[PDB]
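All remarks here apply to the structure that follows.
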Amino acid sequence: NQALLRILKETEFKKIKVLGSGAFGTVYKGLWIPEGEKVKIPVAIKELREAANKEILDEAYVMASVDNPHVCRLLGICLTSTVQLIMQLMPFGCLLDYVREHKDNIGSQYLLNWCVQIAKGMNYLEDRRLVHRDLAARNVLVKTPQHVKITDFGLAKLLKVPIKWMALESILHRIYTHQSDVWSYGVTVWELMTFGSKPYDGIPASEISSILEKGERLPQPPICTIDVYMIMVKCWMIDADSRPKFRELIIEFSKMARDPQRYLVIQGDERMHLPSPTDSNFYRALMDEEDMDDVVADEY
Amino acid sequence: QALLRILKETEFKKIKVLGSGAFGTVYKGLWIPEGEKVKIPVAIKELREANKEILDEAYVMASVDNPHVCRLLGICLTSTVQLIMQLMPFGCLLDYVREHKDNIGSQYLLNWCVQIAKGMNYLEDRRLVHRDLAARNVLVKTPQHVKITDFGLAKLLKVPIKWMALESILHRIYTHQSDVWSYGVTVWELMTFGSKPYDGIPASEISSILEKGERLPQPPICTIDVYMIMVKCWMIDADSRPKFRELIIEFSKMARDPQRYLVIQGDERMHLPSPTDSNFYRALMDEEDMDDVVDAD
Amino acid sequence: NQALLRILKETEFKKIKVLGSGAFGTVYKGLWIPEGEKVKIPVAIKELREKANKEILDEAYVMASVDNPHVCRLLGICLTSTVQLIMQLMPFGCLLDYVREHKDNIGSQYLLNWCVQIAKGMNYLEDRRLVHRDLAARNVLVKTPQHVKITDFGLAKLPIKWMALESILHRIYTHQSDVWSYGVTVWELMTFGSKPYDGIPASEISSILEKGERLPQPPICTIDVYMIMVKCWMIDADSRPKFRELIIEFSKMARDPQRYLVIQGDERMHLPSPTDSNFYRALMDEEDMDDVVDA
Amino acid sequence: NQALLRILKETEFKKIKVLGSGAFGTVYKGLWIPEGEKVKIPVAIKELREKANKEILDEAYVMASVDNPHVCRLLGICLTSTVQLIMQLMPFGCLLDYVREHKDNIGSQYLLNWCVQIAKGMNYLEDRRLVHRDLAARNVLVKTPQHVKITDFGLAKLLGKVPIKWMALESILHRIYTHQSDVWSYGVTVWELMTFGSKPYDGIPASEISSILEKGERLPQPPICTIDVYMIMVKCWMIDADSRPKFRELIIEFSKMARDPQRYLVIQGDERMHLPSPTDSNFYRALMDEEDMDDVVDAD
Ligand SMILES: */C=C/C(=O)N1CCC[C@@H](n2nc(-c3ccc(OCc4cccc(C)n4)c(Cl)c3)c3c(N)ncnc32)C1
Ligand SMILES: */C=C/C(=O)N1CCC[C@@H](n2nc(-c3ccc(OCc4cccc(C)n4)c(Cl)c3)c3c(N)ncnc32)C1
Ligand SMILES: */C=C\C(=O)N1CCC[C@@H](n2nc(-c3ccc(OCc4cccc(C)n4)c(Cl)c3)c3c(N)ncnc32)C1
Ligand SMILES: */C=C\C(=O)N1CCC[C@@H](n2nc(-c3ccc(OCc4cccc(C)n4)c(Cl)c3)c3c(N)ncnc32)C1
């Protein structure tokens, strides 16, 4: 439908503060003040740095379309010297910032659930036949810690290359496929379990293709179980078809979720607490009204 | 005509992504009747890939009227083709057995086998050839009531070489006797709790190996008496393979004494359905008349 | 008589290897050295699980007594703290084991022939009017692919799945009972060494026969072959075919092996030529015997 | 026989290297000097951690009495405050290590055969009435690529962390050891070989494992392992020992598979890697393997 995307007047919105920056565009926290109304509402706006707008509009129209709990939805667009994108605002920000910040605090149960939601969100993309082209811990967002959602997908299509994230087929031949996405998906999984460290740190981007060919893959994190790592390792496979399909990642991660403590070894995991039903429910009402699949602990 | 309903894209929506099938992508769905507040859960299959041709094939599928054959409720025609049928929460038997694999009854497994044959047999009666039959293609309306699906879908339009008969493989010949051979693979899938036949072996190799006689392994649970039935299905000469109609009786007889035929760890601990339990499932889950489940005599 | 059975001092023979463990006794590969002889000649020795020694000897004397192609004759007994039985070594060894190994590569003709061969041996035991009490595919030894010899017959002084209902119910052993034990043995061959009543507890065995739920019929087996097995297992001993009948039926069956037993790709795999077979007899089967039936 | 095993004076032999360490002992590569001879012969020395000396000799006498192609025999022992065990030294050493090194290029025909060979060695142990109590690939030596033998059997009884992952549940829970339990270890042994030396129940604490085995978890199908082979492993891991397969049955089942190895295991470039020619095998026999051994199953 063209119902999904809303055309926003520059008069309609103003940008109060800068949340973040991305290679594609700067981002803001914004107020949308409705025509004919008194109130001012918080929203997140990103304006592209460089910019066939009608061609883009066709792209945005799809971006608006997606309907998954774990996938971000593009509410609106504004066209000017610089294109403006309007979407829901996430206070928590990306997972990457969230995990790095919470490294001492974080516990086994959450990390796996996040992995599952990404798979769910990503799986929707595959069925929709959409290629994100950029899955990274940064790209994913937290509506709330329990609920996380994928984002910034198709932007490359809308319009500075992350070699360390990219799959070998991607690096060598500029080939992007859902399976390529897994390699990134694996990289993202590596990202969380490292609690925000940066892959292939200090290594020249140019050198990267050779190392993958050499088979010197990213090391497995101390917290990470070999069972979990092997899963990561599988994602990083030279042949894309060989790499696990998205569904499998959804199924396997969840099983771990049923028994989170055994798979991931985290200091003081037992002591740190997953949210109580009271804790999750409160968060849901205030922010997460949208009905999303209940998170799996199964042990507790 | 009366049997199959032609929907309007306005009429329903695929809300939840469901499953991946080589034949199709399956979506949980909601049906909104005009003038009505209510929404009805449906299963939607979207087919990857002549409008008239489907209708002839489609009408027959709407046609099937057996407890153990799923019927196609509606067809919606568009750049892509969507097949409407009732939603089964349990979905694949293959999914169900593997998920519940550690624990299952002898009684259930034989009963499914009996249930599958009754359905396959009916298709046989109707002169419908499945071409492709598998555990994956059989889904659970309810635990005691699995139903056979995707029948004849294969014929109309990745090939299941491991499932297929040698006669089917060698010259792409499909017959009811060819189906029977598949049934053993389906019977075999369950007794192994969801395993894969000729697992991981190349398809190219398989046609040669069947000739070599290197048949599927006997499952640990399986009694020889059960394994022999499968072996008969996989006989190279099609005609020699037992008819489903025979197949129904043998499993039904076995179901009378489930423990003697199939060996299970802690089966006694595991519970056959309570009569009360069976009735409760019927009331909400299953409202369709069907033959009664076999119970130990 | 005195001549038939040799009593050997422990000195005469030394065991070398454990081929297998019998339920009744352990079995070894042992070497026999003749007095003042450089040569060591291979034999197989059985040590009983472990009465009166004299009584046992009488039983051995009977066991020595049998001379038949399809029955095994005990050459030697050693009397000591533990009884030892010596009989000629067979490299193929167990019949039951042989089928399991060769199920993929085995021809139709051989299976029928073995059925005929056992039946004649069981029949000799019958004429002598001695009852085996324990016929098993395990207890038949392959002298050569074309020859088999039943053994472990008698051993009364010293299995439910094999055992006949009458024997199981009342500890009754009769020739008719031996036919029932024989019926299982055919199944084992046809099954290619399938374990009968696999996974089923022994306690269940008495009732199911009472129920009447039999051993299943093997895929290779023709309808005709299976029925013979079924006749053999019957509630009333008398109804079950005599061995002579079984010998006659099978041999008739052996004349046209293909019709009775259906084996995939049967034609390609065949019984060896007389020229080959002659080689087998001379090297191993020096013994006077019936030649194998040919279609 | 007394002759079979020889007591040795300290003076005759020395430990020139420490090859490896084991739960029982430290294994040293040592040379043996015969009196009045100018040359040294390589042997393998194992020293115990540290039961009267006479008591030990009786167990030891048994160890040196075992003649089988696939079961290792002990040449000599030295009585001391420490106890030293001497046996032939094989350059390939551990079978388990061999599999790890050779993952890149191990032929299908070999892997099935080692199973025949380990089983053959195991059956003899059963016939002899000896229960190994700690069978693992680690405990299987490689005399030659074609020929591998079983070692370290019966060592376990003398000592007083157990190898829990290998152990049958009966052993874990009630310290019960039987041939049937032994099959379970053999089953694990098959798993290690098939998976090219990967650790069993890796990353999982010992305490959980007895609990997990009851739950019904069993080690995963090796990626290169066909379903037929996996079932065989699975039976071994049965709770009811008696249902669990006997070795002779085990020997028979692998031999059939050996006839058509490619059918029962899938390895990349299995066609490329083929069993060594008779000329190649014959060469090996004479140089390091004079002793007679049972014929290898050949697919041809
Ligand atoms: C295959 C069944 C099994 O487990 N076996 C254990 C040893 C290997 C096989 N086997 N057994 C003998 C064998 C059988 C019987 C023997 O004497 C008993 C006996 C009873 C009644 C009459 C007579 C004359 N003997 C002996 Cl001594 C040995 C085997 C022989 N002899 N050769 C190869 N394999 C044998 C059965
Ligand atoms: C491979 C695991 C490991 O780390 N090892 C350390 C050295 C390399 C391997 N290995 N062990 C021996 C070995 C084993 C046992 C030995 O004597 C004990 C013993 C017990 C039971 C029977 C017998 C005959 N011996 C000795 Cl002395 C040595 C190796 C030998 N001998 N050669 C190469 N590698 C060996 C294990
Ligand atoms: C790691 C990212 C980070 O640290 N940021 C700083 C805080 C704000 C973060 N952020 N980005 C967006 C955001 C993302 C994407 C947006 O439009 C792109 C897009 C692409 C495809 C589909 C859709 C629906 N949108 C926009 Cl407009 C904004 C944030 C939002 N929206 N809210 C809160 N933080 C956001 C980046
Ligand atoms: C185990 C197979 C698998 O991976 N699946 C994906 C998950 C969902 C599973 N599943 N499939 C259907 C299903 C099957 C077939 C369907 O239509 C085909 C068809 C054609 C003609 C006639 C009939 C009767 N059917 C449809 Cl529409 C749906 C599921 C259903 N229906 N419910 C739950 N799970 C289902 C298979």
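Labels for the structure tokens follow display order: chains A, B, ..., residues from 1 in each chain, ligands from 1.
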Non-local contacts of residue D:66 (12 Å; only C-alpha atoms; under 5 positions in same chain excluded) as a JSON list (two decimals) with N, CA and C atoms, in the first residue's frame:
```json
[["chain", "number", "residue", "atom", "x", "y", "z"],
["C", 17, "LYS", "N", 43.14, -70.11, 21.00],
["C", 17, "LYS", "CA", 42.34, -68.90, 20.85],
["C", 17, "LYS", "C", 40.90, -69.06, 21.27],
["D", 1, "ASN", "N", 52.12, -65.76, 31.11],
["D", 1, "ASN", "CA", 53.45, -66.36, 31.18],
["D", 1, "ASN", "C", 54.45, -65.38, 31.77],
["D", 4, "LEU", "N", 56.50, -63.47, 29.15],
["D", 4, "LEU", "CA", 55.82, -62.40, 28.45],
["D", 4, "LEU", "C", 56.18, -61.00, 28.94],
["D", 5, "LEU", "N", 56.28, -60.82, 30.25],
["D", 5, "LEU", "CA", 56.59, -59.52, 30.82],
["D", 5, "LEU", "C", 57.89, -59.56, 31.62],
["D", 60, "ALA", "N", 49.66, -56.58, 36.22],
["D", 60, "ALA", "CA", 50.59, -56.30, 35.14],
["D", 60, "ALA", "C", 50.88, -57.52, 34.29],
["D", 61, "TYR", "N", 50.98, -58.67, 34.94],
["D", 61, "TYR", "CA", 51.34, -59.89, 34.25],
["D", 61, "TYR", "C", 50.27, -60.15, 33.21],
["D", 71, "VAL", "N", 45.05, -55.07, 19.78],
["D", 71, "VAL", "CA", 45.11, -54.79, 21.20],
["D", 71, "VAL", "C", 46.58, -54.75, 21.61],
["D", 72, "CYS", "N", 46.98, -53.69, 22.30],
["D", 72, "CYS", "CA", 48.37, -53.47, 22.71],
["D", 72, "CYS", "C", 48.84, -54.38, 23.84],
["D", 73, "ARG", "N", 50.11, -54.76, 23.81],
["D", 73, "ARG", "CA", 50.66, -55.67, 24.80],
["D", 73, "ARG", "C", 51.84, -55.02, 25.50],
["D", 74, "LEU", "N", 52.03, -55.34, 26.77],
["D", 74, "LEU", "CA", 53.08, -54.71, 27.56],
["D", 74, "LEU", "C", 54.31, -55.58, 27.65],
["D", 75, "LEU", "N", 55.40, -55.08, 27.09],
["D", 75, "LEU", "CA", 56.69, -55.76, 27.12],
["D", 75, "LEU", "C", 57.35, -55.90, 28.49],
["D", 121, "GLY", "N", 39.84, -55.32, 18.49],
["D", 121, "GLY", "CA", 40.66, -55.25, 19.68],
["D", 121, "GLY", "C", 39.84, -55.36, 20.94],
["D", 122, "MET", "N", 38.69, -54.71, 20.90],
["D", 122, "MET", "CA", 37.71, -54.74, 21.98],
["D", 122, "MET", "C", 37.08, -56.10, 22.24],
["D", 124, "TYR", "N", 38.31, -59.03, 21.70],
["D", 124, "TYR", "CA", 39.32, -59.90, 22.28],
["D", 124, "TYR", "C", 39.40, -59.62, 23.76],
["D", 125, "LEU", "N", 39.27, -58.35, 24.12],
["D", 125, "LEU", "CA", 39.27, -57.98, 25.51],
["D", 125, "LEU", "C", 38.10, -58.64, 26.21],
["D", 126, "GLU", "N", 36.95, -58.65, 25.55],
["D", 126, "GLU", "CA", 35.76, -59.31, 26.06],
["D", 126, "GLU", "C", 35.92, -60.82, 26.19],
["D", 127, "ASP", "N", 36.50, -61.43, 25.17],
["D", 127, "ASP", "CA", 36.73, -62.86, 25.16],
["D", 127, "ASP", "C", 37.68, -63.22, 26.27],
["D", 128, "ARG", "N", 38.68, -62.38, 26.46],
["D", 128, "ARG", "CA", 39.68, -62.59, 27.49],
["D", 128, "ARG", "C", 39.09, -62.34, 28.87],
["D", 129, "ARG", "N", 37.92, -61.72, 28.90],
["D", 129, "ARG", "CA", 37.29, -61.39, 30.17],
["D", 129, "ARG", "C", 37.88, -60.15, 30.83],
["D", 130, "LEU", "N", 38.47, -59.29, 30.02],
["D", 130, "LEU", "CA", 39.05, -58.05, 30.51],
["D", 130, "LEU", "C", 38.23, -56.85, 30.09],
["D", 149, "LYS", "N", 46.05, -50.02, 17.33],
["D", 149, "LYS", "CA", 45.91, -50.97, 18.41],
["D", 149, "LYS", "C", 45.37, -50.32, 19.66],
["D", 150, "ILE", "N", 44.79, -51.12, 20.53],
["D", 150, "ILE", "CA", 44.16, -50.60, 21.73],
["D", 150, "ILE", "C", 45.09, -50.73, 22.92],
["D", 151, "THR", "N", 45.23, -49.65, 23.68],
["D", 151, "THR", "CA", 46.17, -49.60, 24.79],
["D", 151, "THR", "C", 45.57, -48.95, 26.01],
["D", 153, "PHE", "N", 44.26, -50.43, 28.55],
["D", 153, "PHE", "CA", 43.21, -51.24, 29.11],
["D", 153, "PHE", "C", 43.63, -51.86, 30.43],
["D", 154, "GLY", "N", 42.78, -51.71, 31.44],
["D", 154, "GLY", "CA", 42.99, -52.32, 32.74],
["D", 154, "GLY", "C", 43.89, -51.50, 33.63]]
```
**Item:** Contacts of stretch 88-96 of chain B at 10 Å (only C-alpha atoms; same-chain gap of 2+ positions) as a VMD selection string
**Value:** chain B and resid 18 to 19 28 41 to 43 85 to 86 98 to 101 112 134 to 143 146 to 149 186 189 to 190 193 to 195 285
**Asked** Hey, which residues come within 9 Å of ligand 1 if we count only C-alpha atoms and all ligand atoms? Could you give them as number ranges by chain?
**Response** C: 18-23, 25-29, 43-47, 60, 63-64, 66, 71-76, 84-98, 137-143, 150-155
**Message:** Report, in Å with one decimal, the straight-line distance from atom CA of residue C:183 to atom CA of residue B:252.
**Reply:**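 Computing the Euclidean distance for atom CA of residue C:183 and atom CA of residue B:252 yields 26.5 Å.
We find atom CA of residue B:250 and atom CA of residue B:276 to be spaced 27.3 Å apart.
If you look at atom CA of residue D:261 and atom CA of residue D:285, they are 23.4 Å away from each other.
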**Item:** Nearby residues, ligand 2, 6 Å, only C-alpha atoms and all ligand atoms, as number ranges by chain
**Value:** D: 19-22, 27, 44-46, 63, 72-74, 85-91, 93-94, 138, 151-153
**Residues of chain B within 9 Å of chain A, counting only C-alpha atoms, as an MDAnalysis selection string** = chainID B and resid 15:17 19:20 25
Store the residues picked out above in a file with C-alpha atoms, as a tab-separated table (two decimals), in the first residue's frame.
```
chain	number	residue	atom	x	y	z
B	15	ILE	CA	-0.27	-12.13	9.14
B	16	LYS	CA	2.48	-14.50	10.32
B	17	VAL	CA	5.38	-16.10	8.42
B	19	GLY	CA	7.27	-22.22	6.95
B	20	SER	CA	9.52	-22.89	4.01
B	25	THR	CA	6.07	-20.67	1.37
```
**Within 8 Å of ligand 3 (only C-alpha atoms and all ligand atoms), residues as a ChimeraX atom specification** = /A:18-22,27-29,43-47,60,63-64,72-75,84-97,137-141,151-155
**Request:** With a distance threshold of 9 Å and counting only C-alpha atoms, extract the residues of chain C near chain B and express them as JSON, numbers by chain.
**Result:** {"C": [104, 194, 195, 196, 197, 198, 199, 200, 204, 208, 215, 216, 217, 218, 219, 264, 265]}
**Message:** For stretch 281-293 of chain A, find every residue with an atom within 10 Å (counting only C-alpha atoms), except residues of its own chain fewer than 2 positions away, and show them as a VMD selection string.
**Reply:** chain A and resid 68 to 70 90 117 143 to 147 275 to 279 295 to 296
**Prompt:** Among stretch 95-245 of chain D, which ones does DSSP place in strand (DSSP E or B), written as a PyMOL selection string?
**Reply:** chain D and resi 140-142+148-150+225
**Request:** Give the residues of chain B that lie within 7 Å of chain D; count only C-alpha atoms, and format the answer as JSON, numbers by chain.
**Result:** {"B": [102, 198, 199, 200, 201, 217]}
**Exercise: residue B:48 partners within 9 Å, only C-alpha atoms, chain neighbours under 2 positions left out, as a PyMOL selection string** = chain B and resi 22-25+46+80-81
**Request:** May I have all residues of stretch 201-248 of chain B that DSSP, computed from the backbone, assigns to helix (DSSP H, G or I), given as a ChimeraX atom specification?
**Result:** /B:203-212,224-233,244-248
Output for the residues just chosen: N, CA, C and O atoms as a tab-separated table (two decimals), in the first residue's frame:
```tsv
chain	number	residue	atom	x	y	z
B	203	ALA	N	22.38	-36.91	-4.18
B	203	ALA	CA	21.25	-37.43	-4.92
B	203	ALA	C	21.71	-38.23	-6.12
B	203	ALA	O	21.08	-39.20	-6.52
B	204	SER	N	22.80	-37.80	-6.73
B	204	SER	CA	23.33	-38.48	-7.89
B	204	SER	C	23.72	-39.91	-7.55
B	204	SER	O	23.51	-40.82	-8.34
B	205	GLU	N	24.32	-40.08	-6.39
B	205	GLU	CA	24.72	-41.38	-5.88
B	205	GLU	C	23.55	-42.31	-5.59
B	205	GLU	O	23.65	-43.51	-5.75
B	206	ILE	N	22.44	-41.75	-5.12
B	206	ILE	CA	21.34	-42.54	-4.57
B	206	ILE	C	20.70	-43.52	-5.54
B	206	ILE	O	20.36	-44.62	-5.15
B	207	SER	N	20.53	-43.13	-6.80
B	207	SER	CA	19.88	-44.03	-7.74
B	207	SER	C	20.70	-45.29	-7.88
B	207	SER	O	20.14	-46.38	-7.98
B	208	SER	N	22.01	-45.16	-7.93
B	208	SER	CA	22.90	-46.31	-7.99
B	208	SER	C	22.83	-47.18	-6.74
B	208	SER	O	22.81	-48.40	-6.83
B	209	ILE	N	22.79	-46.55	-5.57
B	209	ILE	CA	22.77	-47.29	-4.31
B	209	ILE	C	21.52	-48.13	-4.10
B	209	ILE	O	21.59	-49.21	-3.54
B	210	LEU	N	20.38	-47.63	-4.55
B	210	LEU	CA	19.15	-48.40	-4.40
B	210	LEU	C	19.34	-49.71	-5.14
B	210	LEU	O	18.95	-50.76	-4.67
B	211	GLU	N	19.94	-49.63	-6.32
B	211	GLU	CA	20.24	-50.82	-7.11
B	211	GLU	C	21.21	-51.72	-6.37
B	211	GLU	O	21.12	-52.94	-6.45
B	212	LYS	N	22.15	-51.10	-5.67
B	212	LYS	CA	23.12	-51.82	-4.86
B	212	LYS	C	22.41	-52.58	-3.75
B	212	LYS	O	22.93	-53.55	-3.22
B	224	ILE	N	11.27	-56.09	13.82
B	224	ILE	CA	11.60	-56.55	12.49
B	224	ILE	C	10.31	-56.55	11.71
B	224	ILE	O	10.29	-56.27	10.51
B	225	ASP	N	9.22	-56.90	12.39
B	225	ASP	CA	7.94	-57.09	11.73
B	225	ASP	C	7.56	-55.80	11.04
B	225	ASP	O	7.02	-55.82	9.95
B	226	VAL	N	7.83	-54.69	11.70
B	226	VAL	CA	7.65	-53.36	11.12
B	226	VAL	C	8.64	-53.01	10.01
B	226	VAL	O	8.27	-52.41	9.02
B	227	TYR	N	9.90	-53.38	10.20
B	227	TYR	CA	10.94	-53.11	9.21
B	227	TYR	C	10.68	-53.85	7.91
B	227	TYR	O	10.91	-53.33	6.83
B	228	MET	N	10.19	-55.08	8.02
B	228	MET	CA	9.90	-55.91	6.86
B	228	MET	C	8.84	-55.26	6.00
B	228	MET	O	8.87	-55.38	4.78
B	229	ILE	N	7.88	-54.62	6.63
B	229	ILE	CA	6.82	-53.94	5.90
B	229	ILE	C	7.41	-52.83	5.04
B	229	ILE	O	7.01	-52.65	3.90
B	230	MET	N	8.35	-52.09	5.60
B	230	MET	CA	9.03	-51.03	4.87
B	230	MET	C	9.83	-51.60	3.71
B	230	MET	O	9.84	-51.05	2.63
B	231	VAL	N	10.49	-52.72	3.95
B	231	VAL	CA	11.33	-53.35	2.94
B	231	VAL	C	10.50	-53.78	1.74
B	231	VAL	O	10.95	-53.69	0.61
B	232	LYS	N	9.29	-54.26	2.01
B	232	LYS	CA	8.37	-54.67	0.96
B	232	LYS	C	8.00	-53.50	0.07
B	232	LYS	O	7.84	-53.64	-1.12
B	233	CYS	N	7.83	-52.34	0.69
B	233	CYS	CA	7.51	-51.11	-0.02
B	233	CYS	C	8.61	-50.71	-1.00
B	233	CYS	O	8.35	-50.14	-2.05
B	244	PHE	N	-1.88	-50.10	-0.37
B	244	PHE	CA	-2.15	-49.40	0.87
B	244	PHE	C	-3.24	-50.15	1.59
B	244	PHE	O	-3.21	-50.29	2.81
B	245	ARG	N	-4.21	-50.63	0.83
B	245	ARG	CA	-5.37	-51.28	1.41
B	245	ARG	C	-4.93	-52.44	2.28
B	245	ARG	O	-5.49	-52.66	3.34
B	246	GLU	N	-3.91	-53.17	1.84
B	246	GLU	CA	-3.26	-54.16	2.69
B	246	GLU	C	-2.58	-53.45	3.85
B	246	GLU	O	-2.61	-53.90	4.98
B	247	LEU	N	-1.96	-52.33	3.55
B	247	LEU	CA	-1.14	-51.61	4.51
B	247	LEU	C	-1.97	-51.16	5.70
B	247	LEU	O	-1.48	-51.10	6.82
B	248	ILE	N	-3.22	-50.80	5.45
B	248	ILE	CA	-4.11	-50.38	6.53
B	248	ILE	C	-4.35	-51.49	7.54
B	248	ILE	O	-4.36	-51.25	8.74
```
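Residue-level contact on chain A: within 7 Å of chain D, counting only C-alpha atoms, the set is residues 225, 226 and 262 of chain A.
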